[PDB]
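A.B. asks: The structure under discussion is supplied below as structure tokens; questions concerning it will follow.
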Amino acid sequence: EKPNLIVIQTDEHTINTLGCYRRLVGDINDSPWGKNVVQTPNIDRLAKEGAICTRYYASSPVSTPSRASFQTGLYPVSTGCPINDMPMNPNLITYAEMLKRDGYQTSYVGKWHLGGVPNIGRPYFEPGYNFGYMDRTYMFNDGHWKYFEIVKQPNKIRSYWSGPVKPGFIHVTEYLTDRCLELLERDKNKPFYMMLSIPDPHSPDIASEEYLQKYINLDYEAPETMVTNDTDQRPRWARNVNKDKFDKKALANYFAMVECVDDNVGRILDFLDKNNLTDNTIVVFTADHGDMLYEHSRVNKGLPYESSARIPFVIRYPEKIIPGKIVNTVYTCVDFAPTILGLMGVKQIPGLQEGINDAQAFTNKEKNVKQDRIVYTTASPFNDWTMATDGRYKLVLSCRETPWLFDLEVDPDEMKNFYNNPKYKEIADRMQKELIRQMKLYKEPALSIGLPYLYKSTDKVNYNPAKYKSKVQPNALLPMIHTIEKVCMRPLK
Amino acid sequence: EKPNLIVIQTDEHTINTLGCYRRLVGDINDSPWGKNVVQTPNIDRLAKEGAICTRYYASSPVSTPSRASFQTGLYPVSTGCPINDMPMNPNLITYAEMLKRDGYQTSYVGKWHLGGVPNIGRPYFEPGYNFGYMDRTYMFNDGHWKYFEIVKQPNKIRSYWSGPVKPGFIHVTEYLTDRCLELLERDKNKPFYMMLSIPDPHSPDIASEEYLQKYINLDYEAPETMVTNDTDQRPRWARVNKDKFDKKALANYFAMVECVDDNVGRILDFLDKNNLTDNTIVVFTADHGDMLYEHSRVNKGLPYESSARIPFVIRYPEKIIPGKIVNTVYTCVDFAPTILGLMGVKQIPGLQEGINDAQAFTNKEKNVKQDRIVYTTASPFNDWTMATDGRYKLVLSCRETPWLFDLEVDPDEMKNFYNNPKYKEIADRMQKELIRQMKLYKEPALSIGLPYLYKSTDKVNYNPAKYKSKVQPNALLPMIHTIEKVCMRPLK
Ligand SMILES: [Mg+2]
Ligand SMILES: [Mg+2]
């Protein structure tokens, strides 16, 4: 009996907003922002009835590069899309194409960000190459709107970022979930692969008023990693919101968005239970990247810090995954395709897979799983930092700062550098040798660009991003391309 | 046994630079520019040994839209790329994909213009989706550079617009022809489909000195269709005066065509030596033509015959009788259905907005003519639409009142017959068909709400800026271009 696959992805979602991750490091009611943190009962069910990954990271803490690595089993340079808005190479084979080729009905509902399509001020559905997704009716490339209006039935939709909900407006999280439930009912009696990518926790921290009412008046605490000018000891790749400008209204909005998400994940899980698909359906809860959310005095920033770099990875496969399993092995989005295809018995993406198939970690009987492994992450807009982690030690190399070594056992809040401590010399050496080796193997763009990285603490910063930029002539035809995309390619009539 | 397919396509190539088309309308040594016109012996061989199409037009007289229509059997709006630099829909099936599905080894050497990839100052090889093409090593998206230099063997090339020529420099036409022949030798004993798209005629008009010396000092005459500021009676959609005629540019254009024709001979000589002529279909065509000083215009995509018409010569010795002339009107939308019908290959699944007229080439008629009207569209601004039955050409526009052309009575297209009472019924039946086809093929002008004039009494009230969009610039493009040059398409 071929297992079904449902992947639920969020955008800019910090693991600290999930109770499953907060309980792993302490009380579920303690958070960087205190006790009024959002509770995630429905997502936490997947952890309780399955496996939680404590060291899952984005290949790059930016949307397009991470999403690309999740589909391809490849680092962002080999996907064609290391920067946002770049098209993913249409010739590359995705895990969805492998599922399609094994007789699976494939559907994507939500934000793609891999099609390279223009912004038309409204959701751009069916964007770019299918990449193995048969139903892309409710797949749109990019947008931060919170409300949708349905002008024509298929997917002719007007989008709105803010404002009260007008009479025919639907909150996007509910809409996309409602659409996914419909496709799930149609394919419940066949091998099906559904991916719902919800964009809500993302940047425009604007939430539904029925969710905001529950958080706007509550009290929140500024994260203890927040800085003041005289207490700023952060690396320069992270030097912004000082403790004085911590915004509790934006925090309440983010918490309200996460509750809408968890409620809507529950409707998907309630459906599976009612239609008896829980046992033979693999459910994954994940995100493209996380959010600093005022931690380290940063917000919405692609950083090697845990809150931004780390992504939630919770998987429930009742048949082959024991409940309460914790996988501590370090992983990136490059590992998803080989691992998910191995777990489902499906053939691997042919040729180069720069990741590992660790389906054994979930299929074995060990309640706590850890393998000795190092993984590397990359910076998206400017490739200005690189990072390697073994689970406890995190090494950051940059053209904007001298090397930084973090110890999560001794300093979980990543507030101190241990690179120059002679007691950590062997660790630093091992981590630096691996980062350089992985940088060369996975074609780190910084090496091709010749960025001035500092591999020694004696080095000085000499970096102007302008020298590595290629100024570009503006296309005079784009004003007319935008018109034909709106009125001809994606018409509201 | 499955026939081979070789398609040779040029860029911005007027039919009047081909002697096959010049002899169908007058003397071969008679041109709008005089008797010093380029002679095209090798391309003329395909007309003599096969069929010539007297009324073949581009779907849109602009590169990306016409190229997309040729591959997909669809008008440019349905290809995803009605305008240049827009990418073709990667989900669409091409005739190459249908050939790949029937065992054909498929290859493209030259300019694609459908991948939507960025300009990197050098050729961008392997551009975007394969679209049924299995060898795209020498397929580059866009660029009209005259010389290539090979830094690293596969496809790592630096490009020159026109240099004093250094030792490593290879002229693009010869380079691309050299690579096609290398791929043709490797697949000669298997069913093969090769397309060679040469960008040469389309250009900043710069030819190799070996070919330019043959034309730079000769004498050329300004076309009689040229106008002065005081004798201009052209439609406003076409509004280079005489005296701004550039014979040096013309010489460069003719020298470019002679290099092309010589290089087509090498492909034809290869087929003859390897005995592949009889079971290989060879097609010579172009995306669109060039006004080349005719109607006092040079490179503008217009409904005039020099821009709108495309060369279409086809030789299949097994099924096509030598000397055939097909006068049925066609657009590039018709190629895929017809080529697949001719090769006995499954038609592209789903909607085809064109016809499979392989019977016209296979039949016993030396002069084929069936009643049909076809339509062409304007690429950048959808400002004009055209319909033709072969003799009468109707142009509708937002910049001018309706224009009816009679190519029997006025082959130089200088007069309007729409408001001639003898042509009232023909104009009415032509306009009805244009509007019917415009609605059927989703003409963008109707969707944009452009102010098209459907009566001679109408007045032009059109502001293009009212229909154009506001475009914010992308901050990331500077860094994306660096990644493309150093990571995606490196010279090292
Ligand atoms: Mg982002
Ligand atoms: Mg052009």
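Each chain in the structure tokens gets a letter, A, B and so on, in the order shown; residues start at 1 in every chain, and ligands are counted from 1 in the order they appear.
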Compute the chain B side of the contact with chain A at 9 Å, counting only C-alpha atoms, and hand it back as a count of residues only.

C.D. replies: 40

A.B. asks: Report as number ranges by chain: the residues of region 356-433 of chain B with a DSSP assignment of strand (DSSP E or B), based on the backbone of this structure.

C.D. replies: B: 367-368, 374-377, 384-388, 392-397, 403-406

A.B. asks: Could you turn the residues from that selection into a file that holds N, CA, C and O atoms, as a PDB file, in the first residue's frame?

C.D. replies:
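And here's part15.pdb as it stands now:
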ATOM      1  N   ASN B 367       1.260  23.887 -58.762  1.00  0.00           N
ATOM      2  CA  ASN B 367       0.802  25.199 -58.242  1.00  0.00           C
ATOM      3  C   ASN B 367      -0.385  24.916 -57.326  1.00  0.00           C
ATOM      4  O   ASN B 367      -1.469  24.616 -57.838  1.00  0.00           O
ATOM      5  N   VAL B 368      -0.150  24.968 -56.022  1.00  0.00           N
ATOM      6  CA  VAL B 368      -1.222  24.687 -55.031  1.00  0.00           C
ATOM      7  C   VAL B 368      -1.805  26.015 -54.536  1.00  0.00           C
ATOM      8  O   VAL B 368      -1.022  26.919 -54.223  1.00  0.00           O
ATOM      9  N   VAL B 374      -5.551  34.150 -43.196  1.00  0.00           N
ATOM     10  CA  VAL B 374      -4.743  33.971 -41.957  1.00  0.00           C
ATOM     11  C   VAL B 374      -4.567  35.358 -41.330  1.00  0.00           C
ATOM     12  O   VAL B 374      -4.861  36.347 -42.009  1.00  0.00           O
ATOM     13  N   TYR B 375      -4.116  35.415 -40.079  1.00  0.00           N
ATOM     14  CA  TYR B 375      -3.984  36.714 -39.371  1.00  0.00           C
ATOM     15  C   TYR B 375      -2.604  36.840 -38.746  1.00  0.00           C
ATOM     16  O   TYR B 375      -2.020  35.829 -38.360  1.00  0.00           O
ATOM     17  N   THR B 376      -2.104  38.076 -38.688  1.00  0.00           N
ATOM     18  CA  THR B 376      -0.826  38.366 -38.033  1.00  0.00           C
ATOM     19  C   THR B 376      -1.057  39.435 -36.991  1.00  0.00           C
ATOM     20  O   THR B 376      -1.979  40.236 -37.165  1.00  0.00           O
ATOM     21  N   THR B 377      -0.235  39.461 -35.943  1.00  0.00           N
ATOM     22  CA  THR B 377      -0.414  40.411 -34.827  1.00  0.00           C
ATOM     23  C   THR B 377       0.835  41.235 -34.608  1.00  0.00           C
ATOM     24  O   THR B 377       1.922  40.702 -34.825  1.00  0.00           O
ATOM     25  N   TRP B 384      -1.437  47.118 -34.436  1.00  0.00           N
ATOM     26  CA  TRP B 384      -2.067  46.764 -35.728  1.00  0.00           C
ATOM     27  C   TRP B 384      -2.383  45.270 -35.796  1.00  0.00           C
ATOM     28  O   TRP B 384      -1.745  44.499 -35.077  1.00  0.00           O
ATOM     29  N   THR B 385      -3.387  44.909 -36.595  1.00  0.00           N
ATOM     30  CA  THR B 385      -3.758  43.500 -36.833  1.00  0.00           C
ATOM     31  C   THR B 385      -3.919  43.339 -38.325  1.00  0.00           C
ATOM     32  O   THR B 385      -4.357  44.292 -38.977  1.00  0.00           O
ATOM     33  N   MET B 386      -3.590  42.171 -38.856  1.00  0.00           N
ATOM     34  CA  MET B 386      -3.643  42.019 -40.324  1.00  0.00           C
ATOM     35  C   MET B 386      -4.301  40.697 -40.711  1.00  0.00           C
ATOM     36  O   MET B 386      -4.176  39.734 -39.958  1.00  0.00           O
ATOM     37  N   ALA B 387      -4.997  40.692 -41.841  1.00  0.00           N
ATOM     38  CA  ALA B 387      -5.596  39.460 -42.381  1.00  0.00           C
ATOM     39  C   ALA B 387      -5.324  39.449 -43.883  1.00  0.00           C
ATOM     40  O   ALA B 387      -5.338  40.519 -44.496  1.00  0.00           O
ATOM     41  N   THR B 388      -5.073  38.272 -44.446  1.00  0.00           N
ATOM     42  CA  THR B 388      -4.782  38.153 -45.885  1.00  0.00           C
ATOM     43  C   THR B 388      -5.381  36.893 -46.466  1.00  0.00           C
ATOM     44  O   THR B 388      -5.297  35.848 -45.806  1.00  0.00           O
ATOM     45  N   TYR B 392      -5.716  40.123 -51.178  1.00  0.00           N
ATOM     46  CA  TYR B 392      -6.206  41.274 -50.384  1.00  0.00           C
ATOM     47  C   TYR B 392      -5.678  41.177 -48.965  1.00  0.00           C
ATOM     48  O   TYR B 392      -5.870  40.149 -48.310  1.00  0.00           O
ATOM     49  N   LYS B 393      -5.031  42.244 -48.513  1.00  0.00           N
ATOM     50  CA  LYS B 393      -4.490  42.288 -47.134  1.00  0.00           C
ATOM     51  C   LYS B 393      -5.175  43.441 -46.390  1.00  0.00           C
ATOM     52  O   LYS B 393      -5.070  44.582 -46.841  1.00  0.00           O
ATOM     53  N   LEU B 394      -5.853  43.117 -45.293  1.00  0.00           N
ATOM     54  CA  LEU B 394      -6.556  44.144 -44.496  1.00  0.00           C
ATOM     55  C   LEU B 394      -5.740  44.433 -43.246  1.00  0.00           C
ATOM     56  O   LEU B 394      -5.350  43.483 -42.573  1.00  0.00           O
ATOM     57  N   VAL B 395      -5.485  45.711 -42.991  1.00  0.00           N
ATOM     58  CA  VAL B 395      -4.788  46.099 -41.737  1.00  0.00           C
ATOM     59  C   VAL B 395      -5.751  46.942 -40.896  1.00  0.00           C
ATOM     60  O   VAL B 395      -6.262  47.934 -41.409  1.00  0.00           O
ATOM     61  N   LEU B 396      -5.988  46.527 -39.653  1.00  0.00           N
ATOM     62  CA  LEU B 396      -6.790  47.338 -38.707  1.00  0.00           C
ATOM     63  C   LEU B 396      -5.808  47.865 -37.658  1.00  0.00           C
ATOM     64  O   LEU B 396      -4.873  47.134 -37.341  1.00  0.00           O
ATOM     65  N   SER B 397      -6.013  49.082 -37.147  1.00  0.00           N
ATOM     66  CA  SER B 397      -5.042  49.690 -36.198  1.00  0.00           C
ATOM     67  C   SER B 397      -5.671  50.752 -35.289  1.00  0.00           C
ATOM     68  O   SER B 397      -6.790  51.185 -35.575  1.00  0.00           O
ATOM     69  N   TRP B 403      -6.979  49.844 -43.665  1.00  0.00           N
ATOM     70  CA  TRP B 403      -6.249  49.842 -44.953  1.00  0.00           C
ATOM     71  C   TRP B 403      -6.445  48.506 -45.667  1.00  0.00           C
ATOM     72  O   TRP B 403      -6.238  47.459 -45.043  1.00  0.00           O
ATOM     73  N   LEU B 404      -6.841  48.555 -46.938  1.00  0.00           N
ATOM     74  CA  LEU B 404      -6.987  47.322 -47.751  1.00  0.00           C
ATOM     75  C   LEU B 404      -5.944  47.369 -48.866  1.00  0.00           C
ATOM     76  O   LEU B 404      -5.889  48.377 -49.583  1.00  0.00           O
ATOM     77  N   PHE B 405      -5.159  46.309 -48.986  1.00  0.00           N
ATOM     78  CA  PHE B 405      -4.089  46.274 -50.006  1.00  0.00           C
ATOM     79  C   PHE B 405      -4.464  45.268 -51.067  1.00  0.00           C
ATOM     80  O   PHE B 405      -4.928  44.182 -50.710  1.00  0.00           O
ATOM     81  N   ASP B 406      -4.284  45.633 -52.340  1.00  0.00           N
ATOM     82  CA  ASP B 406      -4.528  44.684 -53.458  1.00  0.00           C
ATOM     83  C   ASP B 406      -3.183  44.365 -54.106  1.00  0.00           C
ATOM     84  O   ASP B 406      -2.705  45.167 -54.907  1.00  0.00           O
TER      85      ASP B 406
END

A.B. asks: May I have the residues within 8 Å of ligand 2, computed using only C-alpha atoms and all ligand atoms, as a PDB file with N, CA, C and O atoms, in the first residue's frame?

C.D. replies:
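Once written, part33.pdb looks like this:
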ATOM      1  N   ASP B  11      17.478  35.311 -39.119  1.00  0.00           N
ATOM      2  CA  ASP B  11      16.854  36.411 -38.340  1.00  0.00           C
ATOM      3  C   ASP B  11      16.789  37.683 -39.194  1.00  0.00           C
ATOM      4  O   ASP B  11      17.807  38.014 -39.788  1.00  0.00           O
ATOM      5  N   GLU B  12      15.644  38.369 -39.196  1.00  0.00           N
ATOM      6  CA  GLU B  12      15.438  39.616 -39.986  1.00  0.00           C
ATOM      7  C   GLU B  12      15.888  39.411 -41.442  1.00  0.00           C
ATOM      8  O   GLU B  12      16.765  40.141 -41.897  1.00  0.00           O
ATOM      9  N   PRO B  61       5.646  39.851 -36.813  1.00  0.00           N
ATOM     10  CA  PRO B  61       6.940  40.126 -37.505  1.00  0.00           C
ATOM     11  C   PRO B  61       8.014  40.517 -36.493  1.00  0.00           C
ATOM     12  O   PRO B  61       8.810  41.434 -36.763  1.00  0.00           O
ATOM     13  N   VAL B  62       8.080  39.807 -35.363  1.00  0.00           N
ATOM     14  CA  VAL B  62       9.055  40.087 -34.262  1.00  0.00           C
ATOM     15  C   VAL B  62       9.640  38.735 -33.821  1.00  0.00           C
ATOM     16  O   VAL B  62       8.884  37.762 -33.839  1.00  0.00           O
ATOM     17  N   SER B  63      10.904  38.674 -33.404  1.00  0.00           N
ATOM     18  CA  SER B  63      11.615  37.384 -33.146  1.00  0.00           C
ATOM     19  C   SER B  63      10.945  36.417 -32.158  1.00  0.00           C
ATOM     20  O   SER B  63      10.540  35.352 -32.604  1.00  0.00           O
ATOM     21  N   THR B  64      10.886  36.753 -30.872  1.00  0.00           N
ATOM     22  CA  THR B  64      10.364  35.818 -29.854  1.00  0.00           C
ATOM     23  C   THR B  64       8.974  35.321 -30.228  1.00  0.00           C
ATOM     24  O   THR B  64       8.785  34.100 -30.233  1.00  0.00           O
ATOM     25  N   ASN B  84       9.124  40.131 -26.928  1.00  0.00           N
ATOM     26  CA  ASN B  84      10.537  39.681 -26.881  1.00  0.00           C
ATOM     27  C   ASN B  84      11.062  39.590 -25.450  1.00  0.00           C
ATOM     28  O   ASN B  84      10.718  40.474 -24.656  1.00  0.00           O
ATOM     29  N   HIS B 202      19.782  39.669 -39.327  1.00  0.00           N
ATOM     30  CA  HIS B 202      19.271  40.576 -38.284  1.00  0.00           C
ATOM     31  C   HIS B 202      20.492  41.142 -37.640  1.00  0.00           C
ATOM     32  O   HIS B 202      21.229  40.326 -37.065  1.00  0.00           O
ATOM     33  N   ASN B 299      13.849  48.306 -39.868  1.00  0.00           N
ATOM     34  CA  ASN B 299      13.766  47.080 -39.031  1.00  0.00           C
ATOM     35  C   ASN B 299      12.417  46.929 -38.334  1.00  0.00           C
ATOM     36  O   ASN B 299      12.270  45.966 -37.566  1.00  0.00           O
ATOM     37  N   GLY B 301       8.832  45.853 -37.322  1.00  0.00           N
ATOM     38  CA  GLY B 301       7.880  44.783 -37.662  1.00  0.00           C
ATOM     39  C   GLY B 301       6.583  45.396 -38.139  1.00  0.00           C
ATOM     40  O   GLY B 301       5.876  45.973 -37.309  1.00  0.00           O
TER      41      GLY B 301
END

A.B. asks: Please, which residues have at least one atom within 9 Å of an atom of ligand 1, using only C-alpha atoms and all ligand atoms, listed as a PyMOL selection string?

C.D. replies: chain A and resi 11-12+61-64+84+202-203+288-289+300-302

A.B. asks: Go ahead and write the selection's residues with C-alpha atoms as a PDB file, in the first residue's frame.

C.D. replies:
ATOM      1  CA  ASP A  11       6.884  31.035   5.416  1.00  0.00           C
ATOM      2  CA  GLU A  12       9.217  32.829   7.892  1.00  0.00           C
ATOM      3  CA  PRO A  61      17.417  31.323   5.304  1.00  0.00           C
ATOM      4  CA  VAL A  62      15.681  32.919   2.244  1.00  0.00           C
ATOM      5  CA  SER A  63      12.425  31.698   0.511  1.00  0.00           C
ATOM      6  CA  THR A  64      13.373  30.815  -3.119  1.00  0.00           C
ATOM      7  CA  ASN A  84      14.671  35.342  -4.817  1.00  0.00           C
ATOM      8  CA  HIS A 202       5.664  36.039   6.724  1.00  0.00           C
ATOM      9  CA  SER A 203       6.828  39.717   6.879  1.00  0.00           C
ATOM     10  CA  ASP A 288      11.165  27.688   4.125  1.00  0.00           C
ATOM     11  CA  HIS A 289      12.993  29.596   6.871  1.00  0.00           C
ATOM     12  CA  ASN A 300      12.803  39.070   9.165  1.00  0.00           C
ATOM     13  CA  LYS A 301      16.527  38.581   8.372  1.00  0.00           C
ATOM     14  CA  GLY A 302      18.290  35.633   6.711  1.00  0.00           C
TER      15      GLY A 302
END

A.B. asks: Give me the residues near residue 228 (chain B) as a list in words, where near means some atom within 8 Å (using only C-alpha atoms) and where sequence neighbours in that chain fewer than 3 positions away do not count.

C.D. replies: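 Counting only the stated atoms, we get residues 231, 232, 241 and 242 of chain B.
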
A.B. asks: Once you have the residues from the selection above, write them out as an mmCIF file, in the first residue's frame, restricted to N, CA and C atoms.

C.D. replies:
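Output saved as selection.cif:
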data_model
loop_
_atom_site.group_PDB
_atom_site.id
_atom_site.type_symbol
_atom_site.label_atom_id
_atom_site.label_comp_id
_atom_site.auth_asym_id
_atom_site.auth_seq_id
_atom_site.Cartn_x
_atom_site.Cartn_y
_atom_site.Cartn_z
ATOM 1 N N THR B 231 6.232 63.805 -49.705
ATOM 2 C CA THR B 231 5.532 62.836 -50.576
ATOM 3 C C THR B 231 5.111 61.631 -49.761
ATOM 4 N N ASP B 232 5.243 61.694 -48.432
ATOM 5 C CA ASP B 232 4.780 60.581 -47.541
ATOM 6 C C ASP B 232 3.259 60.350 -47.585
ATOM 7 N N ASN B 241 13.832 58.407 -44.564
ATOM 8 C CA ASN B 241 13.479 59.038 -45.864
ATOM 9 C C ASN B 241 14.521 58.678 -46.920
ATOM 10 N N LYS B 242 14.130 58.837 -48.187
ATOM 11 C CA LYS B 242 15.102 58.631 -49.277
ATOM 12 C C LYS B 242 16.140 59.708 -49.013
#

A.B. asks: Assign secondary structure with DSSP using the backbone only, and return the residues of region 196-308 of chain A in alpha helix (DSSP H) as a ChimeraX atom specification.

C.D. replies: /A:209-212,248-274,306-308

A.B. asks: Could you write those residues out with N, CA, C and O atoms, as a compact mmCIF listing (two decimals), in the first residue's frame?

C.D. replies:
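What ended up in again-v9.txt:
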# COMPACT_ATOMS: atom_id res chain seq x y z
N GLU A 209 -8.49 39.60 12.44
CA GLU A 209 -8.94 40.30 13.66
C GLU A 209 -9.48 39.31 14.70
O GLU A 209 -9.33 39.57 15.90
N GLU A 210 -10.06 38.21 14.25
CA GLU A 210 -10.57 37.18 15.19
C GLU A 210 -9.39 36.48 15.88
O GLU A 210 -9.59 35.98 16.99
N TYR A 211 -8.23 36.45 15.25
CA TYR A 211 -7.03 35.87 15.91
C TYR A 211 -6.30 36.96 16.71
O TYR A 211 -5.80 36.65 17.79
N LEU A 212 -6.26 38.19 16.19
CA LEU A 212 -5.55 39.31 16.85
C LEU A 212 -6.19 39.65 18.19
O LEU A 212 -5.45 39.94 19.13
N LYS A 248 5.29 45.07 20.44
CA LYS A 248 4.39 44.01 20.96
C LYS A 248 3.14 43.86 20.08
O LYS A 248 2.51 42.80 20.13
N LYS A 249 2.82 44.87 19.28
CA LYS A 249 1.65 44.80 18.36
C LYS A 249 1.98 43.87 17.18
O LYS A 249 1.09 43.12 16.76
N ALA A 250 3.21 43.95 16.69
CA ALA A 250 3.65 43.09 15.57
C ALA A 250 3.83 41.67 16.08
O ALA A 250 3.57 40.73 15.33
N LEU A 251 4.25 41.54 17.33
CA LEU A 251 4.44 40.20 17.92
C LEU A 251 3.07 39.52 18.05
O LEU A 251 2.94 38.38 17.63
N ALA A 252 2.10 40.26 18.56
CA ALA A 252 0.73 39.74 18.70
C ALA A 252 0.19 39.32 17.33
O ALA A 252 -0.44 38.26 17.24
N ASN A 253 0.46 40.11 16.30
CA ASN A 253 0.05 39.74 14.92
C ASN A 253 0.71 38.42 14.50
O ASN A 253 -0.01 37.60 13.94
N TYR A 254 2.00 38.23 14.76
CA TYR A 254 2.70 37.00 14.32
C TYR A 254 2.11 35.83 15.06
O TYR A 254 1.89 34.79 14.44
N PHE A 255 1.82 36.01 16.34
CA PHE A 255 1.26 34.92 17.17
C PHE A 255 -0.15 34.57 16.66
O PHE A 255 -0.52 33.40 16.60
N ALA A 256 -0.90 35.58 16.25
CA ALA A 256 -2.28 35.35 15.77
C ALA A 256 -2.24 34.60 14.44
O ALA A 256 -3.08 33.73 14.21
N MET A 257 -1.25 34.90 13.62
CA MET A 257 -1.11 34.20 12.32
C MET A 257 -0.76 32.73 12.57
O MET A 257 -1.34 31.88 11.90
N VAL A 258 0.09 32.45 13.55
CA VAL A 258 0.53 31.06 13.81
C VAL A 258 -0.65 30.24 14.35
O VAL A 258 -0.75 29.06 13.99
N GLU A 259 -1.54 30.85 15.13
CA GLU A 259 -2.73 30.15 15.66
C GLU A 259 -3.69 29.82 14.51
O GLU A 259 -4.18 28.69 14.49
N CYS A 260 -3.88 30.75 13.57
CA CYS A 260 -4.69 30.46 12.36
C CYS A 260 -4.06 29.25 11.66
O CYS A 260 -4.80 28.33 11.31
N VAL A 261 -2.75 29.26 11.48
CA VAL A 261 -2.05 28.12 10.83
C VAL A 261 -2.37 26.82 11.58
O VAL A 261 -2.85 25.89 10.95
N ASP A 262 -2.10 26.78 12.88
CA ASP A 262 -2.28 25.53 13.65
C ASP A 262 -3.74 25.06 13.58
O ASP A 262 -3.96 23.86 13.39
N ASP A 263 -4.68 25.97 13.73
CA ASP A 263 -6.11 25.61 13.61
C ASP A 263 -6.35 24.94 12.25
O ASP A 263 -6.99 23.88 12.22
N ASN A 264 -5.81 25.51 11.18
CA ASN A 264 -6.06 25.00 9.81
C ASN A 264 -5.28 23.70 9.58
O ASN A 264 -5.78 22.87 8.83
N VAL A 265 -4.14 23.52 10.23
CA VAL A 265 -3.44 22.21 10.15
C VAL A 265 -4.34 21.15 10.82
O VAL A 265 -4.40 20.02 10.32
N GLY A 266 -5.06 21.53 11.87
CA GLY A 266 -5.95 20.60 12.56
C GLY A 266 -7.10 20.15 11.70
O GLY A 266 -7.48 18.98 11.80
N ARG A 267 -7.64 21.04 10.88
CA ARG A 267 -8.74 20.66 9.96
C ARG A 267 -8.22 19.60 8.98
O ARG A 267 -8.99 18.70 8.65
N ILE A 268 -6.97 19.70 8.55
CA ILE A 268 -6.37 18.69 7.63
C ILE A 268 -6.25 17.36 8.38
O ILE A 268 -6.55 16.32 7.80
N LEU A 269 -5.82 17.41 9.63
CA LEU A 269 -5.60 16.19 10.43
C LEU A 269 -6.95 15.58 10.81
O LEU A 269 -7.06 14.35 10.76
N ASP A 270 -7.91 16.41 11.17
CA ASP A 270 -9.29 15.93 11.44
C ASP A 270 -9.84 15.20 10.21
O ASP A 270 -10.43 14.13 10.39
N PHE A 271 -9.64 15.75 9.01
CA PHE A 271 -10.09 15.09 7.75
C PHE A 271 -9.44 13.72 7.58
O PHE A 271 -10.15 12.77 7.23
N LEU A 272 -8.14 13.63 7.79
CA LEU A 272 -7.42 12.36 7.60
C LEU A 272 -7.99 11.32 8.57
O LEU A 272 -8.13 10.17 8.17
N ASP A 273 -8.27 11.74 9.81
CA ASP A 273 -8.81 10.82 10.84
C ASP A 273 -10.20 10.37 10.41
O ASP A 273 -10.46 9.16 10.46
N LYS A 274 -11.03 11.29 9.95
CA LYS A 274 -12.43 10.96 9.58
C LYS A 274 -12.46 10.07 8.34
O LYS A 274 -13.37 9.24 8.25
N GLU A 306 20.03 30.65 15.09
CA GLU A 306 19.07 29.52 15.13
C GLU A 306 17.63 29.92 14.79
O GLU A 306 16.98 29.21 14.05
N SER A 307 17.17 31.05 15.29
CA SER A 307 15.76 31.42 15.07
C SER A 307 15.51 31.59 13.55
O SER A 307 14.48 31.09 13.11
N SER A 308 16.41 32.22 12.81
CA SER A 308 16.28 32.38 11.33
C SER A 308 16.71 31.12 10.56
O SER A 308 15.95 30.71 9.68

A.B. asks: Determine, counting only C-alpha atoms, which protein, DNA and RNA residues have an atom within 7 Å of an atom of residue 140 (chain B); residues of the same chain fewer than 3 positions away are not included. Present the result as a ChimeraX atom specification.

C.D. replies: /B:110-112,123-127

A.B. asks: I'd like to know which of A:377, A:386, A:17, A:69 is closest to residue 292 (chain A), using only C-alpha atoms.

C.D. replies: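 Checking each candidate against residue 292 (chain A), we get A:17 as the closest.
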